[PDB]
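Trainee: What follows is a structure written as C-alpha cells; I'll ask about it next.
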Amino acid sequence: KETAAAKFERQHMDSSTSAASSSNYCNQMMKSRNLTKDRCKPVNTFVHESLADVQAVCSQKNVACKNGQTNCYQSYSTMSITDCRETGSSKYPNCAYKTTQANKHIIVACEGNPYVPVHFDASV
Ligand SMILES: O=c1[nH]c(=O)n(Cc2cn([C@@H]3O[C@@H](CO)[C@H](O)[C@H]3O)nn2)cc1F
C-alpha cells in the first residue's frame, strides 16, 4: 500500500524537468500520476527540485497550515513549480488543465518518523 510520503511524491514531485513544462504538461502529468482517475482533481502543484531539497523544507520555516494545524513549513528559497488548474470546459473523463510555471516558496505539511512532506499546502 501507498504511504502518505509516497502519495506526496506521486502527486507533487517532478524532479525530472526543470520547469520546461509545455502547455501540454498538466494534461499529461495529471493523468499519468493518476490524479484524473475518479474525477478531475481541480488543483495540483508539481515541484521541480530534488526530493532531498523538498524533504529539507520540513526543517525550514514553521508556519500555520491552511487548516489551522501547526505542522507546515515554508521553503527558505523559491523553488521551480508548476500549477495545474482545471479548465472551465474540462469534462471528466477528459480532464483539461491550464499549465502555469512559477518560482515561489512552497509550503508543505510534514508528519512521521522520518519527518517528511505529506501534503502540499500552498505556494507564496
Ligand atoms: O497551491 C496548491 N497546490 C496543491 O497541489 N494543492 C492541493 C493539494 C493538497 N494535497 C494534500 O495531499 C493530498 C493527499 O491525499 C490531500 O488531498 C492534501 O492533504 N495534495 N494536493 C493546494 C494548493 F493550494
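Going by the C-alpha cells order, chains are called A, B, ..., each with residues numbered from 1, while ligands are numbered from 1 in the order shown.
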Could you give me, as an mmCIF file with C-alpha atoms, in the first residue's frame, the residues within 12 Å of segment 72-79 of chain A, counting only C-alpha atoms and dropping anything in the same chain fewer than 6 positions from it?
Mentor:
data_model
loop_
_atom_site.group_PDB
_atom_site.id
_atom_site.type_symbol
_atom_site.label_atom_id
_atom_site.label_comp_id
_atom_site.auth_asym_id
_atom_site.auth_seq_id
_atom_site.Cartn_x
_atom_site.Cartn_y
_atom_site.Cartn_z
ATOM 1 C CA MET A 13 7.274 15.666 -7.155
ATOM 2 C CA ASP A 14 8.581 16.165 -10.683
ATOM 3 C CA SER A 15 12.371 16.499 -10.383
ATOM 4 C CA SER A 18 13.499 21.957 -14.671
ATOM 5 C CA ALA A 19 10.320 23.897 -15.418
ATOM 6 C CA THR A 45 1.130 21.550 -7.890
ATOM 7 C CA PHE A 46 4.275 19.788 -9.094
ATOM 8 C CA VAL A 47 7.675 20.708 -7.639
ATOM 9 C CA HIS A 48 10.769 20.608 -9.888
ATOM 10 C CA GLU A 49 13.510 20.323 -7.265
ATOM 11 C CA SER A 50 15.324 17.333 -5.841
ATOM 12 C CA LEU A 51 13.483 15.100 -3.400
ATOM 13 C CA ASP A 53 15.614 19.705 -1.314
ATOM 14 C CA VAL A 54 11.835 19.353 -0.812
ATOM 15 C CA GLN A 55 12.264 16.953 2.107
ATOM 16 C CA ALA A 56 14.609 19.536 3.654
ATOM 17 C CA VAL A 57 11.678 22.001 3.822
ATOM 18 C CA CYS A 58 10.380 20.012 6.829
ATOM 19 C CA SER A 59 13.135 21.592 8.936
ATOM 20 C CA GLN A 60 12.811 25.098 7.476
ATOM 21 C CA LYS A 61 10.337 27.899 8.369
ATOM 22 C CA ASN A 62 7.480 26.654 10.581
ATOM 23 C CA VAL A 63 4.186 28.298 9.535
ATOM 24 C CA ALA A 64 0.473 27.683 10.184
ATOM 25 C CA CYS A 65 -1.270 25.327 7.739
ATOM 26 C CA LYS A 66 -4.407 26.491 5.930
ATOM 27 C CA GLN A 101 5.089 27.545 -14.291
ATOM 28 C CA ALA A 102 6.435 29.752 -11.496
ATOM 29 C CA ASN A 103 9.203 30.183 -8.947
ATOM 30 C CA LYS A 104 7.763 30.541 -5.495
ATOM 31 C CA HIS A 105 8.289 29.473 -1.908
ATOM 32 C CA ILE A 106 6.421 26.252 -1.220
ATOM 33 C CA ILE A 107 4.547 25.360 1.942
ATOM 34 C CA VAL A 108 4.173 21.673 2.859
ATOM 35 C CA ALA A 109 2.785 19.772 5.852
ATOM 36 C CA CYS A 110 5.179 17.232 7.344
ATOM 37 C CA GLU A 111 4.498 14.145 9.503
ATOM 38 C CA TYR A 115 9.653 13.751 9.237
ATOM 39 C CA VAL A 116 8.753 14.234 5.599
ATOM 40 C CA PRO A 117 6.238 16.089 3.463
ATOM 41 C CA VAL A 118 2.782 14.511 3.330
ATOM 42 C CA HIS A 119 0.698 17.421 1.939
ATOM 43 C CA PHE A 120 1.275 20.403 -0.362
ATOM 44 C CA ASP A 121 -0.390 23.363 1.374
ATOM 45 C CA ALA A 122 0.406 26.451 -0.722
ATOM 46 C CA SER A 123 2.926 28.444 -2.677
ATOM 47 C CA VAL A 124 3.716 32.053 -1.841
#
Trainee: Identify, with DSSP run on backbone atoms, the residues in segment 1-50 of chain A assigned to alpha helix (DSSP H), and express the list as JSON, numbers by chain.
Mentor: {"A": [4, 5, 6, 7, 8, 9, 10, 11, 12, 25, 26, 27, 28, 29, 30, 31, 32]}
Trainee: Next, dump the selected residues to file, keeping only C-alpha atoms, as an mmCIF file, in the first residue's frame.
Mentor:
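To be explicit, this is the file written out as out-v2.cif:
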data_model
loop_
_atom_site.group_PDB
_atom_site.id
_atom_site.type_symbol
_atom_site.label_atom_id
_atom_site.label_comp_id
_atom_site.auth_asym_id
_atom_site.auth_seq_id
_atom_site.Cartn_x
_atom_site.Cartn_y
_atom_site.Cartn_z
ATOM 1 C CA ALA A 4 1.448 9.294 2.733
ATOM 2 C CA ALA A 5 5.041 10.187 1.888
ATOM 3 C CA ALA A 6 4.827 8.155 -1.339
ATOM 4 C CA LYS A 7 1.495 9.739 -2.216
ATOM 5 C CA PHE A 8 3.087 13.176 -1.802
ATOM 6 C CA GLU A 9 5.881 12.163 -4.162
ATOM 7 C CA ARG A 10 3.355 10.818 -6.691
ATOM 8 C CA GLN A 11 1.128 13.902 -6.545
ATOM 9 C CA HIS A 12 3.736 16.653 -6.150
ATOM 10 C CA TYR A 25 2.333 19.382 -19.193
ATOM 11 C CA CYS A 26 -0.611 19.346 -16.783
ATOM 12 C CA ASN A 27 -2.904 17.448 -19.164
ATOM 13 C CA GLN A 28 -0.267 14.724 -19.411
ATOM 14 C CA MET A 29 1.001 14.743 -15.825
ATOM 15 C CA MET A 30 -2.369 14.915 -14.049
ATOM 16 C CA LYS A 31 -3.342 11.803 -15.991
ATOM 17 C CA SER A 32 -0.037 9.944 -15.621
#
Trainee: State, in Å with one decimal place, the distance from atom CA of residue 34 of chain A to atom 1 (O, counted along the ligand's line) of ligand 1.
Mentor: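 Between atom CA of residue 34 of chain A and atom 1 (O, counted along the ligand's line) of ligand 1 the gap is 18.0 Å.
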Trainee: Determine the nearest neighbour of ligand 1 from the options A:37, A:83, A:2, A:67, counting only C-alpha atoms and all ligand atoms.
Mentor: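 Under the stated criterion, the closest residue is A:83.
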Trainee: I'd like the interatomic distance between atom CA of residue 80 of chain A and atom CA of residue 112 of chain A, to a tenth of an Å.
Mentor: 25.5 Å
Trainee: Among chain A, which ones does DSSP assign to strand (DSSP E) (computed from the backbone)? Answer as a PyMOL selection string.
Mentor: chain A and resi 43-47+61-63+72-74+79-86+97-104+106-111+116-123
Trainee: Which residue gives the smallest distance to ligand 1 among A:36, A:99, A:90, A:82, with only C-alpha atoms and all ligand atoms counted?
Mentor: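 The answer is A:82, which sits nearest to ligand 1.
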Trainee: Which is closest to ligand 1 among A:40, A:91, A:84, A:1, if we use only C-alpha atoms and all ligand atoms?
Mentor: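 That would be A:84, the residue with the smallest distance to ligand 1.
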Trainee: List as a PyMOL selection string the protein and nucleic acid residues near residue 92 of chain A, meaning an atom at most 12 Å away when only C-alpha atoms are counted, but skip any in the same chain fewer than 4 places from it.
Mentor: chain A and resi 31+35-42+86-88+96-97
Trainee: Can I get the selected residues back with N, CA, C and O atoms, as an mmCIF file, in the first residue's frame?
Mentor:
data_model
loop_
_atom_site.group_PDB
_atom_site.id
_atom_site.type_symbol
_atom_site.label_atom_id
_atom_site.label_comp_id
_atom_site.auth_asym_id
_atom_site.auth_seq_id
_atom_site.Cartn_x
_atom_site.Cartn_y
_atom_site.Cartn_z
ATOM 1 N N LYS A 31 -2.878 13.137 -15.626
ATOM 2 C CA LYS A 31 -3.342 11.803 -15.991
ATOM 3 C C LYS A 31 -2.332 10.730 -15.574
ATOM 4 O O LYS A 31 -2.701 9.718 -14.973
ATOM 5 N N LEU A 35 -4.180 11.379 -11.098
ATOM 6 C CA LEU A 35 -4.986 12.377 -10.411
ATOM 7 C C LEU A 35 -6.292 12.652 -11.167
ATOM 8 O O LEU A 35 -7.074 13.503 -10.768
ATOM 9 N N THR A 36 -6.529 11.921 -12.254
ATOM 10 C CA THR A 36 -7.765 12.089 -13.023
ATOM 11 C C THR A 36 -8.570 10.791 -13.114
ATOM 12 O O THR A 36 -9.353 10.592 -14.050
ATOM 13 N N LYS A 37 -8.387 9.923 -12.125
ATOM 14 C CA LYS A 37 -8.924 8.564 -12.180
ATOM 15 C C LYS A 37 -10.403 8.489 -11.817
ATOM 16 O O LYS A 37 -11.191 7.874 -12.531
ATOM 17 N N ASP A 38 -10.770 9.109 -10.700
ATOM 18 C CA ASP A 38 -12.133 9.046 -10.191
ATOM 19 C C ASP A 38 -12.869 10.349 -10.474
ATOM 20 O O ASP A 38 -14.104 10.388 -10.506
ATOM 21 N N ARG A 39 -12.093 11.412 -10.663
ATOM 22 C CA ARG A 39 -12.615 12.729 -11.008
ATOM 23 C C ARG A 39 -11.453 13.557 -11.537
ATOM 24 O O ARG A 39 -10.303 13.130 -11.493
ATOM 25 N N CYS A 40 -11.751 14.744 -12.043
ATOM 26 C CA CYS A 40 -10.702 15.671 -12.413
ATOM 27 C C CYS A 40 -10.294 16.405 -11.146
ATOM 28 O O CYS A 40 -11.044 17.245 -10.643
ATOM 29 N N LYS A 41 -9.128 16.069 -10.601
ATOM 30 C CA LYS A 41 -8.640 16.810 -9.444
ATOM 31 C C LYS A 41 -8.469 18.254 -9.904
ATOM 32 O O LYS A 41 -7.752 18.522 -10.864
ATOM 33 N N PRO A 42 -9.170 19.181 -9.245
ATOM 34 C CA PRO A 42 -9.309 20.585 -9.646
ATOM 35 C C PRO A 42 -8.000 21.387 -9.638
ATOM 36 O O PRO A 42 -7.774 22.184 -10.551
ATOM 37 N N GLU A 86 -7.758 23.062 -13.359
ATOM 38 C CA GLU A 86 -8.734 22.524 -14.301
ATOM 39 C C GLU A 86 -9.465 23.630 -15.068
ATOM 40 O O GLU A 86 -9.955 24.587 -14.463
ATOM 41 N N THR A 87 -9.521 23.492 -16.393
ATOM 42 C CA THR A 87 -10.208 24.463 -17.248
ATOM 43 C C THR A 87 -11.714 24.395 -17.031
ATOM 44 O O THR A 87 -12.241 23.400 -16.523
ATOM 45 N N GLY A 88 -12.406 25.460 -17.415
ATOM 46 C CA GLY A 88 -13.845 25.524 -17.236
ATOM 47 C C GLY A 88 -14.602 24.604 -18.177
ATOM 48 O O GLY A 88 -15.744 24.237 -17.905
ATOM 49 N N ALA A 96 -9.030 18.548 -18.468
ATOM 50 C CA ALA A 96 -8.183 19.533 -19.140
ATOM 51 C C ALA A 96 -7.703 20.542 -18.116
ATOM 52 O O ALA A 96 -8.456 20.946 -17.236
ATOM 53 N N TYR A 97 -6.453 20.957 -18.259
ATOM 54 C CA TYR A 97 -5.787 21.784 -17.267
ATOM 55 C C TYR A 97 -5.008 22.898 -17.934
ATOM 56 O O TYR A 97 -4.440 22.714 -19.013
#
Trainee: Would you please work out which residue, of A:16, A:24, A:44, A:89, is nearest to ligand 1 when using only C-alpha atoms and all ligand atoms?
Mentor: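 Selected residue with least distance to ligand 1: A:44.
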Trainee: What separation in Å, quoted to one decimal, exists between atom 18 (C, counted along the ligand's line) of ligand 1 and atom CA of residue 68 of chain A?
Mentor: 13.6 Å
Trainee: Between A:43, A:81, A:22, A:17, which one has atoms that come closest to ligand 1, using only C-alpha atoms and all ligand atoms?
Mentor: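 Under the stated criterion, the closest residue is A:43.
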